[PDB]
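Report on one structure; see the data block that follows.
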Amino acid sequence: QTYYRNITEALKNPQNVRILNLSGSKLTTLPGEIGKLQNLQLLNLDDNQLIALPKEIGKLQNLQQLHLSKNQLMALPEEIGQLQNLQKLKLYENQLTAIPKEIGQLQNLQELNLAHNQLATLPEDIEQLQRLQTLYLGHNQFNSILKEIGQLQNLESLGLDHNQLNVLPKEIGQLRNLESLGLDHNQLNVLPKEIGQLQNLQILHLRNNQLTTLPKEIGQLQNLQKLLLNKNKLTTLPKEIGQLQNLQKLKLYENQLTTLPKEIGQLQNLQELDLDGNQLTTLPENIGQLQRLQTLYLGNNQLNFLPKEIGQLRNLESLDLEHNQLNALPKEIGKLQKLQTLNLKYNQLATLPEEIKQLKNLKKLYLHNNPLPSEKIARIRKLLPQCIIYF
Ligand SMILES: [Ca+2]
Ligand SMILES: [Zn+2]
Ligand SMILES: [Zn+2]
Ligand SMILES: [Zn+2]
Ligand SMILES: [Zn+2]
Ligand SMILES: [Zn+2]
């Protein structure tokens, strides 16, 4: 027997215990005799009522994973640094206000989850975690993040969402292996120019911040695939945004954009462009160069017209133009052979181009709240028999 769910049973046969699972057992205290389980590799203490840990936890020299999530931990003992084989430390949902400097001794640590605690600082000794690949600090009380974070050469994922960050340290740009950066729901008013140094960054979550502009250096993110900028205060995009050749998803929902740079057409790999809730008055002709675009959301903008180049979007499957002020659709709309959904609700369309009959793959057409004559729509229903027309 190597798997145990009971500490009393585990203590009768020590040197055999490899996994000790005590999750959801209303455990109020971990007995000091835990140190006797010399061959323990995984200790699961999740979903319990632990307020502290015994100093003897440091004796678990073979421990590779320590799961301590969803407890009421007020502090970690200095002896936590003695866990020289520890690769994963999970402490999400606790009441930690500090992390001991001895955390820097955990030279084998690959993953550290400190999300949902009450941390405002980290010891500078965090810079010694040169094997750390994943660091979660979301839902804490960081008003600022120490520049020593930028020293984590092997870091691939950094979670800093739901903190109180106004600014990022310029040293963040030294995370050359970073692939995912989570900054949702902070109060970021600006991004450092050094953000562009994150050459391996694939995913950047910046939703629900207070950004007004993006630095020109944002274009240096050569590996970026997903850029989530929902619910910020962007009034413009830098022309350098067009240098993001690997970008697949650009989410700009609920910003204050009035125009798009012509360089938007350079986004070779863009599949999804969400501009819902902006204040666009026009689209550049360059929009037609987005040959991989599948989804285009333009709801609640102020568009009066669409460029004829919209018809060049050969891979477009979904087009949302709800609640704009469109007076007409270009005849080129008929070239959208892959289009399946077209939402034209709440516009001022008094007519539709005859070329709409060429949309053989259209499945759903939303026309409610347009001054369209009923005879014209009845005729379109017979021209697109496979389409459901909501009018
Ligand atoms: Ca990876
Ligand atoms: Zn995120
Ligand atoms: Zn949030
Ligand atoms: Zn909308
Ligand atoms: Zn309205
Ligand atoms: Zn209605």
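Residues are referred to by chain and number: the chain letter is A, B, ... according to the order shown in the structure tokens, the number counts from 1 in that chain, and ligands are numbered separately from 1 in the order shown.
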
Original post:
Counting only C-alpha atoms, what is within 8 Å of residue 366 (chain A), bar same-chain residues fewer than 6 positions away, as a count of residues only?
Top reply: 7

Counting only C-alpha atoms and all ligand atoms, which residues of chain A sit at most 10 Å from some atom of ligand 5, and what is each one's closest atom pair with its distance in Å to one decimal, listed by chain and rising residue number, as CSV?
```
residue,atom,partner,partner_atom_place_in_ligand_line,distance
A:300,CA,ligand 5,1 (Zn),8.5
A:322,CA,ligand 5,1 (Zn),9.7
A:323,CA,ligand 5,1 (Zn),6.3
A:324,CA,ligand 5,1 (Zn),8.8
A:325,CA,ligand 5,1 (Zn),9.7
A:346,CA,ligand 5,1 (Zn),6.9
A:347,CA,ligand 5,1 (Zn),9.1
A:369,CA,ligand 5,1 (Zn),9.5
```

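If you measure from each of A:362, A:216, A:368, A:255 to ligand 4 using only C-alpha atoms and all ligand atoms, the closest one turns out to be A:255.
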
Subject >> 9 Å shell around ligand 1 using only C-alpha atoms and all ligand atoms, listed as a ChimeraX atom specification >> reply: /A:133,156-157,177-180

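For ligand 3, the protein and nucleic acid residues at most 8 Å away, judged by only C-alpha atoms and all ligand atoms, amount to residues 161, 162, 184, 185 and 208 of chain A.
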
Can you write out the residues you just picked, keeping N, CA and C atoms, as a PDB file, in the first residue's frame?
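Here's the written file part_20.pdb:
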```
ATOM      1  N   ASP A 161      -3.603  39.017 -12.293  1.00  0.00           N
ATOM      2  CA  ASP A 161      -4.961  39.522 -12.444  1.00  0.00           C
ATOM      3  C   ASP A 161      -5.594  39.861 -11.083  1.00  0.00           C
ATOM      4  N   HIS A 162      -6.550  40.803 -11.083  1.00  0.00           N
ATOM      5  CA  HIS A 162      -7.320  41.185  -9.883  1.00  0.00           C
ATOM      6  C   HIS A 162      -6.436  41.612  -8.712  1.00  0.00           C
ATOM      7  N   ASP A 184      -5.579  41.000 -16.220  1.00  0.00           N
ATOM      8  CA  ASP A 184      -6.986  41.416 -16.171  1.00  0.00           C
ATOM      9  C   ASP A 184      -7.379  42.065 -14.851  1.00  0.00           C
ATOM     10  N   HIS A 185      -8.224  43.072 -14.938  1.00  0.00           N
ATOM     11  CA  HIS A 185      -8.866  43.716 -13.796  1.00  0.00           C
ATOM     12  C   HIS A 185      -7.892  44.294 -12.740  1.00  0.00           C
ATOM     13  N   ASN A 208     -10.328  44.878 -18.706  1.00  0.00           N
ATOM     14  CA  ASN A 208     -10.795  45.610 -17.540  1.00  0.00           C
ATOM     15  C   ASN A 208      -9.674  46.381 -16.818  1.00  0.00           C
TER      16      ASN A 208
END
```

**OP:** Residues within 6 Å of ligand 4 should be enumerated using only C-alpha atoms and all ligand atoms and returned as a PyMOL selection string.
**Re:** chain A and resi 276-277+299-300

Residues of the last selection are to be written out with C-alpha atoms, as an mmCIF file, in the first residue's frame.
```cif
data_model
loop_
_atom_site.group_PDB
_atom_site.id
_atom_site.type_symbol
_atom_site.label_atom_id
_atom_site.label_comp_id
_atom_site.auth_asym_id
_atom_site.auth_seq_id
_atom_site.Cartn_x
_atom_site.Cartn_y
_atom_site.Cartn_z
ATOM 1 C CA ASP A 276 -18.148 45.657 -30.323
ATOM 2 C CA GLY A 277 -19.083 48.729 -28.223
ATOM 3 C CA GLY A 299 -21.964 45.930 -32.906
ATOM 4 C CA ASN A 300 -22.948 49.351 -31.510
#
```

Original post:
Hey, which residues come within 12 Å of ligand 2 if we count only C-alpha atoms and all ligand atoms? Could you give them as a ChimeraX atom specification?
Top reply: /A:136-139,157-162,180-186,203-208,226-230

**OP:** Could you give me, as JSON, numbers by chain, each residue of region 44-291 of chain A that DSSP assigns to strand (DSSP E) when run on this structure's backbone?
**Re:** {"A": [44, 65, 66, 67, 88, 89, 90, 111, 112, 113, 134, 135, 136, 157, 158, 159, 180, 181, 182, 203, 204, 205, 226, 227, 228, 249, 250, 251, 272, 273, 274]}

What does the file look like for those residues with N, CA and C atoms, as a compact mmCIF listing (two decimals), in the first residue's frame?
```txt
# COMPACT_ATOMS: atom_id res chain seq x y z
N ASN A 44 -1.77 15.94 -0.23
CA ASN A 44 -2.94 16.73 -0.57
C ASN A 44 -3.69 17.13 0.70
N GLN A 65 5.12 17.49 -4.53
CA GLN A 65 3.91 18.29 -4.65
C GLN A 65 3.22 18.50 -3.32
N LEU A 66 2.96 19.77 -2.99
CA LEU A 66 2.27 20.14 -1.77
C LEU A 66 1.02 20.95 -2.14
N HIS A 67 -0.16 20.33 -1.97
CA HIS A 67 -1.46 20.93 -2.27
C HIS A 67 -2.07 21.43 -0.96
N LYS A 88 6.02 21.64 -7.07
CA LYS A 88 4.73 22.31 -7.15
C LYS A 88 4.27 22.71 -5.76
N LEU A 89 3.93 23.99 -5.58
CA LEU A 89 3.42 24.47 -4.30
C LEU A 89 2.13 25.21 -4.57
N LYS A 90 1.00 24.63 -4.14
CA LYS A 90 -0.33 25.19 -4.37
C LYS A 90 -0.96 25.74 -3.09
N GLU A 111 6.30 25.42 -10.19
CA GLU A 111 4.99 26.04 -10.11
C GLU A 111 4.69 26.51 -8.70
N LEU A 112 4.31 27.78 -8.59
CA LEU A 112 3.95 28.39 -7.32
C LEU A 112 2.62 29.09 -7.49
N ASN A 113 1.59 28.59 -6.81
CA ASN A 113 0.27 29.18 -6.91
C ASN A 113 -0.05 29.90 -5.61
N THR A 134 5.88 28.70 -13.72
CA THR A 134 4.53 29.22 -13.52
C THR A 134 4.39 29.89 -12.15
N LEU A 135 3.88 31.12 -12.17
CA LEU A 135 3.68 31.92 -10.96
C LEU A 135 2.33 32.60 -10.98
N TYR A 136 1.43 32.21 -10.08
CA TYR A 136 0.09 32.79 -10.00
C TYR A 136 -0.02 33.66 -8.76
N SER A 157 4.54 31.48 -17.47
CA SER A 157 3.22 32.02 -17.19
C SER A 157 3.27 32.82 -15.91
N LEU A 158 2.75 34.05 -15.97
CA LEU A 158 2.69 34.97 -14.84
C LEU A 158 1.26 35.50 -14.72
N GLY A 159 0.62 35.19 -13.61
CA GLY A 159 -0.74 35.63 -13.33
C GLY A 159 -0.73 36.74 -12.29
N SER A 180 2.69 33.59 -21.39
CA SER A 180 1.37 34.06 -20.97
C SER A 180 1.50 35.10 -19.86
N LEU A 181 0.86 36.25 -20.04
CA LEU A 181 0.87 37.33 -19.05
C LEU A 181 -0.57 37.72 -18.72
N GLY A 182 -1.01 37.44 -17.50
CA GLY A 182 -2.37 37.73 -17.06
C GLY A 182 -2.44 38.99 -16.20
N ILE A 203 0.17 35.07 -25.31
CA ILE A 203 -1.13 35.50 -24.77
C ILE A 203 -0.94 36.66 -23.80
N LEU A 204 -1.66 37.76 -24.03
CA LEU A 204 -1.62 38.94 -23.18
C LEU A 204 -3.06 39.32 -22.80
N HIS A 205 -3.42 39.13 -21.52
CA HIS A 205 -4.73 39.43 -20.96
C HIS A 205 -4.68 40.76 -20.25
N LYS A 226 -2.82 36.05 -29.07
CA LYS A 226 -4.07 36.56 -28.51
C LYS A 226 -3.79 37.83 -27.72
N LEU A 227 -4.52 38.91 -28.07
CA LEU A 227 -4.41 40.19 -27.39
C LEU A 227 -5.81 40.57 -26.91
N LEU A 228 -6.04 40.49 -25.58
CA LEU A 228 -7.36 40.79 -25.03
C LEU A 228 -7.35 42.13 -24.32
N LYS A 249 -6.21 36.54 -32.51
CA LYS A 249 -7.38 37.12 -31.87
C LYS A 249 -7.08 38.48 -31.30
N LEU A 250 -7.86 39.48 -31.71
CA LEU A 250 -7.76 40.85 -31.22
C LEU A 250 -9.13 41.22 -30.67
N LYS A 251 -9.23 41.32 -29.34
CA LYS A 251 -10.50 41.62 -28.66
C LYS A 251 -10.43 43.03 -28.07
N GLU A 272 -10.08 36.49 -35.58
CA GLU A 272 -11.16 37.13 -34.85
C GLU A 272 -10.79 38.56 -34.51
N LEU A 273 -11.70 39.50 -34.84
CA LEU A 273 -11.59 40.92 -34.58
C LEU A 273 -12.90 41.39 -33.95
N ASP A 274 -12.84 41.68 -32.64
CA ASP A 274 -14.00 42.09 -31.88
C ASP A 274 -13.91 43.56 -31.53
```

Subject >> Using only C-alpha atoms: which of A:337, A:62, A:301, A:351 has the shortest distance to residue 320 (chain A) >> reply: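 Closest to residue 320 (chain A) of all the choices is A:301.
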
**OP:** Once DSSP has gone over the backbone, tell me which residues of region 152-331 of chain A are in helix (DSSP H, G or I), as a ChimeraX atom specification.
**Re:** /A:170-174,193-197,216-220,239-243,262-266,285-289,308-312,331

Residues from last step as file, N, CA, C and O atoms, as a short mmCIF file (atom, residue, chain, number, x, y, z; two decimals), in the first residue's frame:
```cif
data_model
loop_
_atom_site.label_atom_id
_atom_site.label_comp_id
_atom_site.auth_asym_id
_atom_site.auth_seq_id
_atom_site.Cartn_x
_atom_site.Cartn_y
_atom_site.Cartn_z
N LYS A 170 9.59 48.42 -15.34
CA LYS A 170 10.25 48.34 -16.64
C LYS A 170 11.00 47.01 -16.83
O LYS A 170 11.10 46.53 -17.96
N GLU A 171 11.41 46.36 -15.72
CA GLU A 171 12.16 45.11 -15.67
C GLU A 171 11.34 43.88 -16.12
O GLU A 171 11.91 42.82 -16.39
N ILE A 172 10.01 44.04 -16.23
CA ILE A 172 9.10 42.98 -16.68
C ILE A 172 9.54 42.49 -18.08
O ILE A 172 9.43 41.31 -18.36
N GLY A 173 10.09 43.41 -18.88
CA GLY A 173 10.61 43.16 -20.23
C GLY A 173 11.77 42.19 -20.30
O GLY A 173 12.12 41.74 -21.39
N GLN A 174 12.35 41.81 -19.15
CA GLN A 174 13.45 40.84 -19.14
C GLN A 174 12.98 39.37 -19.09
O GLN A 174 13.80 38.45 -19.15
N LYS A 193 7.23 50.71 -22.19
CA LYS A 193 7.75 50.48 -23.54
C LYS A 193 8.47 49.13 -23.65
O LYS A 193 8.47 48.52 -24.72
N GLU A 194 9.01 48.64 -22.51
CA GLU A 194 9.73 47.38 -22.38
C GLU A 194 8.84 46.14 -22.58
O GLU A 194 9.37 45.04 -22.72
N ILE A 195 7.50 46.32 -22.63
CA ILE A 195 6.54 45.23 -22.91
C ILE A 195 6.91 44.54 -24.24
O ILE A 195 6.77 43.34 -24.33
N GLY A 196 7.44 45.31 -25.19
CA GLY A 196 7.88 44.85 -26.51
C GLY A 196 9.05 43.89 -26.49
O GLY A 196 9.29 43.19 -27.48
N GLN A 197 9.76 43.81 -25.37
CA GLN A 197 10.91 42.90 -25.24
C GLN A 197 10.48 41.43 -24.96
O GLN A 197 11.31 40.52 -24.95
N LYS A 216 4.03 52.05 -28.88
CA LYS A 216 4.42 51.69 -30.23
C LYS A 216 5.15 50.34 -30.25
O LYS A 216 5.01 49.58 -31.20
N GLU A 217 5.88 50.04 -29.15
CA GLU A 217 6.66 48.82 -28.94
C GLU A 217 5.79 47.55 -28.86
O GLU A 217 6.33 46.46 -28.98
N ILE A 218 4.46 47.69 -28.69
CA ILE A 218 3.53 46.54 -28.68
C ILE A 218 3.70 45.70 -29.98
O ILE A 218 3.55 44.49 -29.94
N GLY A 219 4.08 46.35 -31.09
CA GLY A 219 4.32 45.70 -32.39
C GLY A 219 5.51 44.77 -32.43
O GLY A 219 5.64 43.97 -33.35
N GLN A 220 6.40 44.87 -31.44
CA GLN A 220 7.60 44.02 -31.37
C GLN A 220 7.25 42.60 -30.86
O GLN A 220 8.12 41.73 -30.88
N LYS A 239 0.01 52.47 -35.17
CA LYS A 239 0.18 51.87 -36.49
C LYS A 239 1.06 50.59 -36.42
O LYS A 239 0.93 49.71 -37.27
N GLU A 240 1.92 50.49 -35.39
CA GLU A 240 2.82 49.35 -35.14
C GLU A 240 2.08 48.04 -34.81
O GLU A 240 2.70 46.99 -34.84
N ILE A 241 0.78 48.12 -34.48
CA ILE A 241 -0.07 46.96 -34.23
C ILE A 241 -0.05 45.98 -35.45
O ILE A 241 -0.19 44.78 -35.26
N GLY A 242 0.18 46.52 -36.65
CA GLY A 242 0.25 45.75 -37.89
C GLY A 242 1.44 44.82 -38.01
O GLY A 242 1.44 43.94 -38.86
N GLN A 243 2.44 44.99 -37.15
CA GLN A 243 3.65 44.14 -37.16
C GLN A 243 3.39 42.77 -36.49
O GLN A 243 4.26 41.90 -36.53
N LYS A 262 -4.55 52.15 -40.88
CA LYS A 262 -4.55 51.42 -42.16
C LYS A 262 -3.70 50.13 -42.05
O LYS A 262 -3.98 49.14 -42.73
N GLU A 263 -2.69 50.14 -41.16
CA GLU A 263 -1.77 49.02 -40.92
C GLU A 263 -2.46 47.77 -40.35
O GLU A 263 -1.84 46.71 -40.33
N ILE A 264 -3.73 47.89 -39.91
CA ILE A 264 -4.54 46.77 -39.45
C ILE A 264 -4.57 45.66 -40.53
O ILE A 264 -4.61 44.47 -40.16
N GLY A 265 -4.51 46.05 -41.82
CA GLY A 265 -4.51 45.12 -42.95
C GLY A 265 -3.31 44.18 -43.00
O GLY A 265 -3.33 43.17 -43.71
N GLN A 266 -2.27 44.49 -42.23
CA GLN A 266 -1.04 43.69 -42.19
C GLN A 266 -1.16 42.46 -41.28
O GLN A 266 -0.23 41.66 -41.23
N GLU A 285 -9.95 50.88 -45.91
CA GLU A 285 -10.06 49.96 -47.07
C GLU A 285 -9.20 48.69 -46.84
O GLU A 285 -9.52 47.61 -47.34
N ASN A 286 -8.14 48.83 -46.04
CA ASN A 286 -7.17 47.79 -45.68
C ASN A 286 -7.77 46.61 -44.92
O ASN A 286 -7.12 45.56 -44.84
N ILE A 287 -8.99 46.77 -44.38
CA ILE A 287 -9.72 45.71 -43.69
C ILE A 287 -9.83 44.46 -44.59
O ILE A 287 -9.74 43.34 -44.08
N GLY A 288 -9.93 44.68 -45.91
CA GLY A 288 -10.02 43.63 -46.93
C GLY A 288 -8.82 42.72 -47.05
O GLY A 288 -8.90 41.63 -47.63
N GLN A 289 -7.67 43.16 -46.52
CA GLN A 289 -6.44 42.38 -46.56
C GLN A 289 -6.38 41.29 -45.47
O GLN A 289 -5.40 40.54 -45.42
N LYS A 308 -15.98 48.94 -49.86
CA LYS A 308 -16.28 47.84 -50.81
C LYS A 308 -15.32 46.65 -50.57
O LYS A 308 -15.68 45.50 -50.82
N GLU A 309 -14.13 46.93 -50.03
CA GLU A 309 -13.09 45.94 -49.73
C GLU A 309 -13.54 44.88 -48.71
O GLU A 309 -12.87 43.85 -48.60
N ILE A 310 -14.68 45.10 -47.99
CA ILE A 310 -15.25 44.13 -47.04
C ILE A 310 -15.52 42.79 -47.74
O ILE A 310 -15.39 41.72 -47.12
N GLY A 311 -15.80 42.86 -49.05
CA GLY A 311 -16.06 41.70 -49.89
C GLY A 311 -14.85 40.82 -50.15
O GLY A 311 -15.00 39.71 -50.68
N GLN A 312 -13.64 41.30 -49.82
CA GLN A 312 -12.39 40.54 -50.00
C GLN A 312 -12.14 39.51 -48.86
O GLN A 312 -11.22 38.71 -48.95
N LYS A 331 -22.36 46.17 -52.73
CA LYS A 331 -22.73 45.03 -53.58
C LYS A 331 -21.72 43.88 -53.44
O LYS A 331 -22.09 42.72 -53.61
#
```

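The neighbours of residue 79 (chain A) here are the residues that come within 9 Å of it, using only C-alpha atoms and leaving out any residue fewer than 6 positions away in the same chain; they are residues 54, 55, 56, 57, 58, 59 and 102 of chain A.
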
Selection above as a file: N, CA and C atoms, as a PDB file, in the first residue's frame:
```pdb
ATOM      1  N   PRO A  54       2.944  22.497  10.840  1.00  0.00           N
ATOM      2  CA  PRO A  54       4.036  22.200  11.787  1.00  0.00           C
ATOM      3  C   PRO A  54       5.408  22.384  11.130  1.00  0.00           C
ATOM      4  N   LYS A  55       6.431  22.693  11.940  1.00  0.00           N
ATOM      5  CA  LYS A  55       7.813  22.883  11.477  1.00  0.00           C
ATOM      6  C   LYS A  55       8.397  21.592  10.883  1.00  0.00           C
ATOM      7  N   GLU A  56       7.859  20.435  11.304  1.00  0.00           N
ATOM      8  CA  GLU A  56       8.285  19.107  10.852  1.00  0.00           C
ATOM      9  C   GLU A  56       7.950  18.835   9.379  1.00  0.00           C
ATOM     10  N   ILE A  57       7.122  19.709   8.746  1.00  0.00           N
ATOM     11  CA  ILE A  57       6.798  19.604   7.316  1.00  0.00           C
ATOM     12  C   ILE A  57       8.088  19.686   6.488  1.00  0.00           C
ATOM     13  N   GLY A  58       9.094  20.398   7.016  1.00  0.00           N
ATOM     14  CA  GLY A  58      10.407  20.552   6.404  1.00  0.00           C
ATOM     15  C   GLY A  58      11.191  19.260   6.260  1.00  0.00           C
ATOM     16  N   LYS A  59      10.823  18.199   7.025  1.00  0.00           N
ATOM     17  CA  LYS A  59      11.519  16.899   6.968  1.00  0.00           C
ATOM     18  C   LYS A  59      11.160  16.047   5.732  1.00  0.00           C
ATOM     19  N   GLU A 102      12.862  32.227   2.892  1.00  0.00           N
ATOM     20  CA  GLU A 102      13.323  30.842   2.684  1.00  0.00           C
ATOM     21  C   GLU A 102      12.670  30.173   1.466  1.00  0.00           C
TER      22      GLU A 102
END
```

**OP:** Within 12 Å of residue 98 (chain A), counting only C-alpha atoms, which residues show up once you throw out same-chain ones fewer than 5 positions away? Write them as a list in words, please.
**Re:**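 Those residues are residues 73, 74, 75, 76, 77, 78, 103, 114, 117, 118, 119, 120, 121, 122, 123, 140, 141 and 142 of chain A.
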
Polymer residues at most 6 Å from residue 87 (chain A), only C-alpha atoms, same-chain spacing of 6 or more positions, as a compact mmCIF listing (two decimals) with N, CA and C atoms, in the first residue's frame:
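Listing of out_10.txt after writing:
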```txt
# COMPACT_ATOMS: atom_id res chain seq x y z
N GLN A 64 7.41 16.20 -3.68
CA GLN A 64 7.45 16.86 -5.00
C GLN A 64 6.26 17.80 -5.19
N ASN A 108 14.05 23.76 -6.78
CA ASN A 108 13.40 22.83 -7.73
C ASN A 108 11.97 23.23 -8.08
N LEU A 109 11.44 24.29 -7.43
CA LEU A 109 10.08 24.77 -7.64
C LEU A 109 9.86 25.20 -9.11
N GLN A 110 8.84 24.60 -9.72
CA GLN A 110 8.47 24.89 -11.11
C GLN A 110 7.17 25.66 -11.15
```

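Residues lying within 9 Å of region 4-20 of chain A, counting only C-alpha atoms and ignoring same-chain neighbours fewer than 3 positions away, are residues 1, 23, 31, 33, 34, 36, 37, 38, 39, 40, 41, 42, 43, 44, 45 and 63 of chain A.
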
Please produce an output containing C-alpha atoms for each residue in the selection, written as an mmCIF file, in the first residue's frame.
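Result file is part27.cif:
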```cif
data_model
loop_
_atom_site.group_PDB
_atom_site.id
_atom_site.type_symbol
_atom_site.label_atom_id
_atom_site.label_comp_id
_atom_site.auth_asym_id
_atom_site.auth_seq_id
_atom_site.Cartn_x
_atom_site.Cartn_y
_atom_site.Cartn_z
ATOM 1 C CA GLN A 1 0.000 0.000 0.000
ATOM 2 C CA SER A 23 -8.498 16.701 1.153
ATOM 3 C CA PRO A 31 0.218 16.520 13.270
ATOM 4 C CA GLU A 33 4.385 13.185 12.976
ATOM 5 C CA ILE A 34 3.943 14.065 9.221
ATOM 6 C CA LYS A 36 8.060 10.585 9.670
ATOM 7 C CA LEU A 37 6.667 9.912 6.101
ATOM 8 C CA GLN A 38 10.216 10.109 4.586
ATOM 9 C CA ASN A 39 9.189 8.676 1.172
ATOM 10 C CA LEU A 40 6.084 10.948 0.715
ATOM 11 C CA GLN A 41 5.969 12.434 -2.821
ATOM 12 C CA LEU A 42 2.512 14.037 -2.841
ATOM 13 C CA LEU A 43 0.607 15.542 0.060
ATOM 14 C CA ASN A 44 -2.936 16.731 -0.566
ATOM 15 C CA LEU A 45 -4.296 19.005 2.198
ATOM 16 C CA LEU A 63 7.988 15.699 -1.349
#
```
